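Chain letters run A, B, ... following the sequence lines, proteins first, then strands; residues in each count from 1.
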2 protein chains.
Amino acid sequence: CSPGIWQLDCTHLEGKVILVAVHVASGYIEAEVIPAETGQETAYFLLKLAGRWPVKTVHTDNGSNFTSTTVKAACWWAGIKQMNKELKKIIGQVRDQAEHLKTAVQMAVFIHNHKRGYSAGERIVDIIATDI
Amino acid sequence: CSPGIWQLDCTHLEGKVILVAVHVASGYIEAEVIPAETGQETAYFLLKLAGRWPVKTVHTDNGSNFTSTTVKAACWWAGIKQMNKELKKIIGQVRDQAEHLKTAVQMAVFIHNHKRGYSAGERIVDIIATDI
Ligand SMILES: CC(C)(C)O[C@H](C(=O)O)c1c(-c2ccc3c(c2)CCCO3)nc(-c2cnn(Cc3ccccc3)c2)c2ccccc12
Ligand SMILES: CC(C)(C)O[C@H](C(=O)O)c1c(-c2ccc3c(c2)CCCO3)nc(-c2cnn(Cc3ccccc3)c2)c2ccccc12
């Protein structure tokens with residue numbers, strides 16, 4: 001698709017919430033473990049994401065994710081308008097490597113983003129730079 | 001300089017620690033508030049950073065930052081070898097906008113990375129994509 005579209009979702013594992021953002025054009029993933037699946041967590045995460053990539057529009061598979069005032073506030077300020085099983089597959093394979101789940105998650109993001117025919121990491125920067 | 005070099009440092013504000021990474025070639029900043037200035041926090045942050053950008057070498061202005069086993073482990077796994085006052089200037093100007101310091105920080109990262117003659121945000125993706 002077009003280069004400012006991201007998709008946000010939460011997935012659950014070991015009683016914790018993993019917030020997963022996928023840049024739709026590239027497959028590039030950013031991800032964080034959060035304590036609770038709250039609107040404030042989504043708001044802050046959206047602020048972090050928009051300061052790093054040019055985020056125009058965000059989609060989700062759970063629309064109610066985006067109905068908190070806090071989320072709306074974040075999108076308003078950052079100018080935002082409205083392949084997780086592979087990620088869960090990589091987590092499972094490296095989970096023994098690490099104590100904390102959050103560490104396994106960032107390992108899995110690293111593998112995913114740098115697996116190649118280019119990697120999701122190389123596609124996002126080419127896509128965004130072409131756009132400029 | 002060359003396109004895989006990052007600089008890590010901590011700065012302090014309101015009794016909290018702000019961990020600041022600057023991509024030296026571009027001026028592009030990634031940043032997080034952390035509870036304590038510990039090696040484990042630096043390790044995890046380094047894991048997050050390497051899964052998003054191609055990080056070859058990291059520098060710091062406090063070398064002892066990098067002597068924990070945990071940090072060394074992170075750099076080992078991710079294949080890593082060994083303009084904060086402007087950031088603090090932006091934080092100060094937007095601090096009233098937000099409750100939490102961490103929110104002001106990501107606001108300040110957003111402003112910095114997207115201020116333009118291109119922005120630090122546009123320079124990093126052009127630099128990294130040229131490299132590929
Ligand atoms: C990363 C944090 C600090 C958040 O937690 C991890 C964890 O959750 O496992 C953790 C790590 C760690 C650090 C980096 C790392 C991995 C594990 C997994 C793969 C990628 O990079 N390490 C230690 C520890 C303390 N001493 N050592 C001897 C050592 C290990 C490898 C190479 C060289 C030396 C490792 C942790 C100790 C307690 C809690 C979490 C740890
Ligand atoms: C972002 C988090 C959730 C971590 O904390 C912030 C904070 O630290 O200030 C916070 C925010 C918030 C959300 C996004 C945002 C800003 C502030 C600053 C500029 C950029 O984007 N908002 C609320 C709140 C609750 N109701 N509203 C009516 C509203 C405000 C603006 C536009 C539309 C509607 C805002 C917070 C409440 C409690 C604690 C932190 C909040």
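Counting all heavy atoms, side chain and backbone alike, A:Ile91 lies closest to A:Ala104 at CG2-CB, 4.3 Å. Residues B:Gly39 and B:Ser68 approach most closely at CA-OG, 3.7 Å, considering heavy atoms. Pairing each heavy atom of A:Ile128 with each of A:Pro3, the nearest pair is CD1-O, 3.4 Å. Nearest heavy atom pair, residue B:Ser26 against residue B:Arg123, reads O-NH2, 3.2 Å. When all heavy atoms are compared, the tightest approach of B:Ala21 to B:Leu49 is CB-CD2, 4.4 Å. For the pair B:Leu101 and B:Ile18, the tightest heavy-atom approach, listed with the atom from each and the gap, is CD2-CD1, 4.4 Å.
Put simply, OG1 on B:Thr69 and CD on B:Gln40 are 10.5 Å apart, with the number rounded to the nearest 0.5 Å.
The number of heavy atoms from other shown groups lying within 6.0 Å of NZ (B:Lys56) is above 12.
Both B:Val125 and A:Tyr28 are assigned to one and the same hydrophobic cluster, defined by single-linkage of ILVMFWY side chains at heavy-atom distances under 4.5 Å. Side-chain heavy atoms closer than 4.5 Å link hydrophobic residues (I, L, V, M, F, W, Y) into clusters, and following such links, possibly through other members, connects A:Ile90 to B:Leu47. Residues B:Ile124 and A:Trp53 share a single hydrophobic cluster, defined by chaining ILVMFWY side chains whose heavy atoms lie under 4.5 Å apart. Under a hydrophobic-cluster definition in which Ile, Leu, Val, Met, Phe, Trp and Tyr are linked whenever side-chain heavy atoms come within less than 4.5 Å, directly or via other members, B:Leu19 and B:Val33 are assigned to different clusters. Cluster annotation: B:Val94 is connected to B:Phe110 through the hydrophobic network of ILVMFWY side chains, with a link wherever side-chain heavy atoms come within less than 4.5 Å.
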Can B:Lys102 and B:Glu32 be said to form a salt bridge (charged side-chain N to carboxylate O under 4.0 Å, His left out), step by step? CA-CA 7 Å; B:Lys102 63 171 176 157; B:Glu32 302 257 22; over 6 Å; no
Go through the steps to decide whether A:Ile34 and A:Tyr44 satisfy the test side-chain contact (heavy atoms from CB on, under 4.5 Å), and finish with yes or no. CA-CA 11 Å; A:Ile34 69 187; A:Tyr44 182 65; over 6 Å; no
Please lay out, stage by stage, how B:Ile132 and A:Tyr118 fare under the test side-chain contact (heavy atoms from CB on, under 4.5 Å). CA-CA 10 Å; B:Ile132 301 155; A:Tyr118 300 71; 4.1 Å; yes
Please assess A:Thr60 against A:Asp9 for the test side-chain hydrogen bond (donor to acceptor under 3.5 Å, both in side chains), listing each intermediate value before the final yes or no. CA-CA 6 Å; A:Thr60 181; A:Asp9 295 287; 3.2 Å; yes
Assess whether side-chain hydrogen bond (donor to acceptor under 3.5 Å, both in side chains) is satisfied between A:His23 and A:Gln7, documenting all intermediate values. CA-CA 7 Å; A:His23 183 251; A:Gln7 164 130 359; over 6 Å; no
List the steps, then state whether side-chain contact (heavy atoms from CB on, under 4.5 Å) holds for B:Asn65 with B:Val71. CA-CA 8 Å; B:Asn65 279 333; B:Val71 167; over 6 Å; no
Quick one, A:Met107 with A:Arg95, criterion side-chain contact (heavy atoms from CB on, under 4.5 Å). Give me CA distance, side-chain angles, the key distance, then yes/no. CA-CA 9 Å; A:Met107 292 190 251; A:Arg95 184 71 181 85; over 6 Å; no
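A donor atom on one side chain and an acceptor atom on the other are not found under 3.5 Å apart for A:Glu30 and A:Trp6. In this structure, a donor-acceptor pair under 3.5 Å is absent between the side chains of B:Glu122 and B:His114. Side-chain atoms of B:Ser64 and B:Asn62 include a donor-acceptor pair closer than 3.5 Å. For the 3.5 Å distance criterion, the side chains of A:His100 and A:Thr103 fail to qualify, holding no donor opposite an acceptor. B:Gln97 and A:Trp77 share no side-chain donor-acceptor pair at under 3.5 Å.
The backbone N or O of A:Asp126 sits less than 3.5 Å from a side-chain atom of A:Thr130, completing a donor-acceptor pair. Within the 3.5 Å criterion, the main-chain N or O of B:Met83 finds no donor-acceptor partner in the side chain of B:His112. With A:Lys48 contributing its side chain and B:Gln106 its backbone, the two residues share no donor-acceptor pair below 3.5 Å. Side-chain N or O atoms of B:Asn113 include one that pairs as donor or acceptor with a backbone N or O of A:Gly51 at under 3.5 Å. A donor-acceptor pair under 3.5 Å is formed between the side chain of A:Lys16 and the backbone N or O of A:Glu14. In terms of modelled atom types and a separation under 3.5 Å, the side chain of A:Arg116 and the main chain of A:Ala120 share no donor-acceptor contact.
Contact check for A:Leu8 versus A:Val20: no side-chain heavy atoms found under the 4.5 Å cut-off. Here the side chains of A:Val22 and A:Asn84 are in contact, with some heavy-atom distance below 4.5 Å. Between A:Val17 and A:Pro35 the shortest side-chain heavy-atom distance does not fall below 4.5 Å. Side-chain contact between A:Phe66 and A:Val58 is present, with heavy atoms from C-beta onward closer than 4.5 Å. For the pair A:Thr67 and A:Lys72, the minimum side-chain heavy-atom distance is below 4.5 Å. In this structure the side chain of B:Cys75 reaches within 4.5 angstrom of the side chain of B:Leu46, judged on heavy atoms. Between B:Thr11 and B:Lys85, every side-chain heavy-atom pair lies at or beyond the 4.5 Å cut-off.
Apart from B:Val24 itself, the hydrophobic cluster it occupies contains B:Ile5, where clustering links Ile, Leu, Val, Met, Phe, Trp and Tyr at side-chain heavy-atom distances under 4.5 Å.
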